[PDB]
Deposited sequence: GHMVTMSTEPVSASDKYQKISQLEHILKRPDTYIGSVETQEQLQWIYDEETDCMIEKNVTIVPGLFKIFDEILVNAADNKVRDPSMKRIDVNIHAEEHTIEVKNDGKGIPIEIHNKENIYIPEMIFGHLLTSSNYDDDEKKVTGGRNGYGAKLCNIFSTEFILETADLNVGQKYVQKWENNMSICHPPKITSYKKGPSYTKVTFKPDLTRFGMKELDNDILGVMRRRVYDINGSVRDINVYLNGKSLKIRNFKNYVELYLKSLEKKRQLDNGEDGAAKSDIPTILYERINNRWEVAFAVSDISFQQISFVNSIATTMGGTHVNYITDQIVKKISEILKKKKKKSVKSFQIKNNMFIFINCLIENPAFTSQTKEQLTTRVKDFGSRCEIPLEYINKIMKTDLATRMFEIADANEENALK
């Protein structure tokens, strides 16, 4: 009976069952937005991508964005994708990783938080934080799903440079090379080579490159006060309104209605062609499966439109003519999984509210939505 039952390690379970950590490691046929460089705008495309591969990139991206929360003096993210060499680099400025041996773990802190599961600066929820990072997995998950993983950082308090290489799904950990550093700014650079074989791929194809690239545009659109560079090119999205307007050409009384509701909430609206559509971000994370924040906003808009039509029309008819954009900040958010695709935090625990002004719903009532809704009623 012994063979019937097995005990496995945390690390073994991640490699065996990637789904709850990074999403599927199988190819998925998806309708995805990508940024078209020739038309300088968003295009919806049928792609085939491996979610887990996109997600290990996303983990490093959101970590960089989180450092802007930790250090508001940070000014730039650099993303460099070397397709041919399957190598991806993510660099941020502002404060680096402290080059110190940890009191308890007795290893260098960078080795600790990039090379050991369940390590985080986000474990003390006494503090209400608007970082995306929550559970102490993201960076290690990337490491685990890489043939090679390199952490480079510079710390000004100690005046040192720190380079550490992991290999073979985080199973090989080389000692760090630490050198002297009085060379300008602090920074962190993460350089990884995904285990493409683990994702059933031989190379980075145009589909995955397209969505990776677009995700970088997302970061620029959702995070304020940073410059975002992709393969050397400054993306120069000035704000979330500018980001949403990248979708303008494809969608085509304004086509997009944008409003900043408060310091933690921005929303945009457009009329949807076939069914309900949403693009939303919580603390820079792309909530592709929506959740409590999306529902909080849409419910308000649908509720009011229903009242207007009443003085015949079911709520679903209203909702399915809506394309909503949301950029929001939520305190200590909770999600259905590590992939953080769906927010579960109750509204009352958001740390803020977003009461959509009646005048904004009035503007929605001038769009094609109302004409469609008055045809069903009358």
{"item": "Regions left out of the model, expressed as runs of the deposited sequence counted from 1", "value": "1-12, 265-280, 340-343, 411-418"}
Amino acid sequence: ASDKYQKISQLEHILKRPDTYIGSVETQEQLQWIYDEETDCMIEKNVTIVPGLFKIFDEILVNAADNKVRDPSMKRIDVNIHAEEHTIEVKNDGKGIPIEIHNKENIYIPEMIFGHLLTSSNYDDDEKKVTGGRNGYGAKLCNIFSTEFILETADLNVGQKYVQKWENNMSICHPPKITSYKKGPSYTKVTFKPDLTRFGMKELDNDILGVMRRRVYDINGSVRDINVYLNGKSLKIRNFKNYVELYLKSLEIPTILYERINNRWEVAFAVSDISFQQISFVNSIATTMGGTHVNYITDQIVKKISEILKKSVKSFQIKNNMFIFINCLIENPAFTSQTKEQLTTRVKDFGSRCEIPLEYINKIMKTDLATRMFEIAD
From here on, numbers count along this sequence of modelled residues.
item: Of 97-105 and 136-144, the stretch whose C-alpha atoms average the higher B-factor in the entry; value: 97-105
item: Entry-level comparison of average CA B-factors, 366-374 and 351-359, reporting the higher stretch; value: 366-374
item: Maximum C-alpha temperature factor, selected from 116, 183, 304, 215; value: 183
item: Residue of maximum C-alpha B factor among 209, 286, 244, 154, per deposited coordinates; value: 154
item: Position of residue 82 among the chain's modelled residues by C-alpha B-factor, lowest, middle or highest third; value: highest
item: Residue 41 by Cα B-factor - lowest, middle or highest third of the modelled chain; value: highest
item: Ranked against its chain, the third holding the CA B-factor of residue 69; value: middle
item: Position of residue 319 among the chain's modelled residues by C-alpha B-factor, lowest, middle or highest third; value: lowest
item: Where the record places residue 193 (Cα B-factor, split into thirds across the chain); value: middle
